[PDB]
Amino acid sequence: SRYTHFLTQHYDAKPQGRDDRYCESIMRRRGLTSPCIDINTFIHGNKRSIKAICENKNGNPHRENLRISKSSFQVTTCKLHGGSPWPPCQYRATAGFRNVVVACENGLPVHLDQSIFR
């Protein structure tokens, strides 16, 4: 169920255009604006591929708590522009492609490490 939050915070199955307008809409649409979050990243593709980061298939142990994808993912990082962490919070989108770093609990994704997108 923390996995739920994870999906909801860091998954968008099929986005379309991953632009500023996209970030603003999807950040807002997922209650990540009160207050506005300084930086948040959304993974795309299939869930199957993400979950599998939790097994030595498509997932190598990494640092203290973590796991790191063997596979690259399409991705969109939303970064907050203009100080006020209270709406209107406007965002700047940055799409990307690389493996990703999560924390697994009961073999489920329950954290995204946003550090690698700073």
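Numbers run from 1 along the shown chain.
Here the Cβ of each residue, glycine as well, is placed from N, Cα and C on the backbone.
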Quiz item: According to Swiss-Prot, which of these ranges is motif 'Nucleolar localization signal': 28-32, 43-47, 63-67?
Solution: 28-32
Quiz item: What residue among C89, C104 is stated in Swiss-Prot to be the disulfide partner of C36?
Solution: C89
Exercise. Regarding the disulphide bond with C23, report which of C78, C104 Swiss-Prot records as its partner.
Key: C78
Practice problem: Please tell me which one of the recorded positions listed here (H10, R18, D19, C78, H111) sits closest to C54 (disulfide bond), measuring Cα to Cα? | Solution: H111
Exercise. May I ask which of the recorded positions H10, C36, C89, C104 is closest to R18 (tRNA binding site) if we compare their C-alpha atoms?
Key: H10
Practice problem: Measuring Cα to Cα, tell me the gap between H10 (active site, proton acceptor) and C89 (disulfide bond) in whole angstrom. | Solution: 18
